[PDB]
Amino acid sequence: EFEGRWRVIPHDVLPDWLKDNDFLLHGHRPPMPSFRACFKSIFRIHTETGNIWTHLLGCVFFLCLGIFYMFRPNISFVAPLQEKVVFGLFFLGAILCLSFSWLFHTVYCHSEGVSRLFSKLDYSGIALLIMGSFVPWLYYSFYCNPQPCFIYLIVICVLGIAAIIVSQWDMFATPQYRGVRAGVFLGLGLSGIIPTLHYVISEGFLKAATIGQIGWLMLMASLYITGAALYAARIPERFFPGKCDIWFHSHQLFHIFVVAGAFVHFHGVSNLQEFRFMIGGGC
């Protein structure tokens, strides 16, 4: 092609709004105020290539996985409509998080205005992934106890809506605030420790770990805390500057942790449903 030709540029000659991680020293797409060129760049090697494809394939996969869930026989469920509305809110959340992500990562270099608009959709999308992952979880964990399930849905909604408001703050999207971000999204996730404690208090140390939720919750909190640490600490590009430009840098790794994280979380709540089916909807 002879339309929208461009070359990868080193870090130093990026405009301030594109200067994100100073450990990725080269392979940067230059400012191109063409969506035509931005979306064509999905088929090009550059810093953002991996970030785009991880959350682009992860998005098609959750759209694929969520559709197959809707069309599951109603005999599989205890209350198929209710059960599907809860998983649907998880799938919608997961899909929106990744769609906002890969779209933002693709159109990132377009203009300061666009970068600003789409980053606000990026950050917000993370909160949506967290809010939606709580819905089927509280539903099964608080099946026979309805007052706490309602409370904890409101708690996650309030914290989630606060996080979404904080994502709109222009100073939040600066590299100096990169840690504040990892704390805001890590706290949002780790806040599940509140209803985890409340559940162990009521059901017991036998009931909680027998029904695999303790081992599963731990793995997920490992994924959550290790995942934020990578992003905030810019590892491994902090240790090999110029070598992690196109592959396995921290954002690219964190992207894999979000797809894996959402896949582990789905596998966990999909077990709480398989089990609630065997026992039935009683008390």
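In this text, residue numbers run from 1 along the sequence as written.
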item	value
Stretch with the higher entry mean CA B-factor, where the candidates are 210-218 and 52-60	210-218
Of 201-209 and 113-121, the stretch whose C-alpha atoms average the higher B-factor in the entry	201-209
Largest Cα B-factor, entry values, listed residues 78, 98, 107, 130	78
Residue 92, C-alpha B-factor rank within chain (lowest, middle or highest third)	lowest
Relative C-alpha B-factor of residue 65, binned into the chain's lowest, middle or highest third	highest
Third of the chain's Cα B-factor distribution that residue 126 belongs to, per the entry	lowest
Assigned third (lowest, middle, highest) for the C-alpha B factor of residue 137	middle
Chain-relative CA temperature factor third for residue 33	lowest
